[PDB]
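Beneath this line is the structure, given in structure tokens, with notes to follow.
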């Protein structure tokens with residue numbers, strides 16, 4: 070197949086001759102014909118529109134290799150790629166029994182108009198019904214459902230081949246698996262209801278290892294305008310959590326802390342907490358502590374912004390909100406600057422802001438302590454990021470000293 074695709078310019082005639090002779094020749098033609106005719110899915114009716122005549126030989130060869138050697142992942146990947154490419158091409162370019170069925174169910178211009186409108190641009194059902202009613206003036210639904218699936222069979226083969234190929238890697242490069250996962254996700258997103266009959270059972274049996282590299286995509290694709298796709302994605306993520314919780318642990322708790330982006334996260338955290346509740350509680354506590362360990366800096370920034378924008382009610386509202394939000398380190402700050410609220414209230418009816426800003430700037434110019442800003446030991450939480458780690462390393466303790474990097478956006 071590779072050598073054939075290489076010299077396609079000088080081999081485009083033999084393939085067409087083989088196709089023509091198949092429905093009615095050098096040594097290569099007869100040899101290929103005999104190879105295809107070897108007894109053990111693809112139909113010529115579907116590839117009869119928008120598909121090149123010599124390109125069918127490649128698909129036939131891929132199918133034969135896949136059925137003859139089901140233990141090799143190369144054949145399945147090649148067949149899936151070919152089917153996906155031609156399926157997308159025919160779908161983009163498309164935007165005997167049917168005519169007889171329509172004529173029998175509708176017992177010359179009207180028939181032609183109805184036939185043309187049946188597949189003019191195939192909420193779709195409502196639009197089709199309205200167009201048919203407005204043109205002709207009920208078996209139209211069945212005819213439309215059958216005709217749309219007839220010209221939509223390559224995608225089914227591509228999805229089945231990709232699923233089978235992934236099932237064998239539970240032997241190929243990681244790039245090939247990532248490509249298959251991306252294609253499957255794109256198909257499930259673009260055309261969901263048109264091929265939902267395959268994803269329903271396909272996503273319920275695939276392993277978790279090949280889907281370990283597209284977690285962010287799955288999380289970001291949790292707001293699709295549907296209900297079954299969201300449930301399927303949630304179930305797949307929950308299954309992936311088992312035997313590998315160090316993958317969707319941090320993003321789930323981060324997202325949890327529209328209702329579409331809430332129910333899925335709640336279900337994921339609930340399923341992940343049924344095994345190690347202590348780990349979930351510990352990760353939530355550490356996340357909360359980290360978020361709350363980001364007071365003096367906020368006050369200094371607010372004072373600087375107010376002083377810069379001074380040259381009314383907005384300043385008073387901002388000061389009140391900051392004081393209300395600010396109510397080891399918090400106690401010291403409150404005891405050292407407890408007159409800020411009183412000074413602001415007295416000046417409301419302006420040197421207090423300037424004095425506070427000057428004091429904060431003078432005191433700004435680094436070494437901190439963990440106990441002052443709690444301290445766990447022998448924890449079992451995974452490290453923040455273990456994509457490449459055969460044996461997940463659990464956090465033992467936290468450094469008692471935290472520094473700040475100068476000449477930057479105040480990083481810690």
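Numbering (this note's numbering), first residue to last: 70 to 481. The beta-carbon is built from N, C-alpha and C at its ideal position, and this holds for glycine as well.
Taking C-beta atoms as the reference points, residue 142 and residue 240 count as a pair closer than 9 Å. A distance below 9 Å separates the beta carbons of residue 299 and residue 329. In the three-state DSSP reduction, residue 470 falls in the strand class (E or B). Bounds of the alpha helix (DSSP H) holding residue 361 are 346-361. For residue 442, no alpha helix (DSSP H) segment is defined, and its DSSP state is neither H nor E.
Taking C-beta separations shorter than 7 Å and ignoring five residues to either side along the sequence, the partners of residue 86 in its chain run 94 and 98, following chain order. Straight through space, the alpha carbons of residue 448 and residue 352 are spaced by roughly 10 Å. Take residue 336, set aside five residues on each side of it, and the residues of its chain with a beta-carbon closer than 8 Å to its own are 303 and 307, in chain order. Beta-bridge pairing by DSSP links residue 463 to 451. Restricting attention to 266, 479, 276 and 250, the CA atom closest to the CA of residue 285 is found in 250.
Residue 124 holds the alpha-carbon nearest to the alpha-carbon of residue 78 among 124, 118, 115 and 103. Runs of alpha helix (DSSP H) with 4 or more residues, each lying fully within the region 237-303, are found at 243-259, 265-271 and 284-289, listed in chain order. Residue 269 and residue 253 have their C-alpha atoms roughly 13 Å apart. The Cβ-Cβ distance between residue 258 and residue 290 falls below 9 Å. Runs of the alpha helix (DSSP H) lying entirely within the region 98-156, each at least 4 residues long, are 124-137 in chain order. For the 9 Å CB-CB criterion, residue 301 and residue 256 do not form a contact. In summary, residue 378 is exposed, with fewer than 16 beta-carbon neighbours lying within 10 Å of its beta-carbon over all protein chains present. Residue environment for residue 372: buried (at least 16 other C-beta atoms within 10 angstroms of its C-beta).
Burial is judged here by how many other beta carbons sit within 10 angstroms of a residue's own beta carbon; residue 274 has fewer than 16 and is exposed. A Cβ-Cβ separation of about 6 Å places residue 288 in contact with residue 320 under the 8 Å criterion. A residue is called buried once 16 or more other Cβ atoms fall within 10 Å of its Cβ, and residue 435, having fewer, is exposed.
With fewer than 16 other CB atoms across the displayed protein chains lying within 10 angstroms of its CB, residue 350 is exposed.
Excluding its 5 nearest sequence neighbours in each direction, residue 455 has C-beta neighbours in its own chain below 7 Å: 315 and 461, listed in chain order. Cβ-Cβ separation between residue 159 and residue 120: approximately 6 Å, consistent with a contact (criterion under 8 Å).
Comparing C-alpha distances from residue 279 to each of 72, 296 and 238 shows the shortest one belongs to 238. Assignment of residue 72 by DSSP, reduced to helix, strand and coil, places it in the helix class. According to the DSSP assignment, residue 79 belongs to the alpha helix (DSSP H) that extends over 77-91. Judged by DSSP in its simplified three-state form, residue 315 adopts coil rather than helix or strand.
Linking residue 108 to residue 129 through their CA atoms gives a straight-line distance of about 13 Å. Shown here, residue 327 sits in coil according to DSSP, grouped into three states, outside any helix or strand. In this structure, DSSP gives residue 418 a state outside helix and strand, which the three-state scheme calls coil. Secondary structure at residue 207: coil, using DSSP grouped into helix, strand and coil.
According to the DSSP assignment, residue 400 belongs to the alpha helix (DSSP H) that extends over 398-405. By the beta-carbon neighbour count (other beta carbons within 10 angstroms, threshold 16), residue 92 is exposed. Secondary structure of residue 365 (DSSP, three-state): helix.
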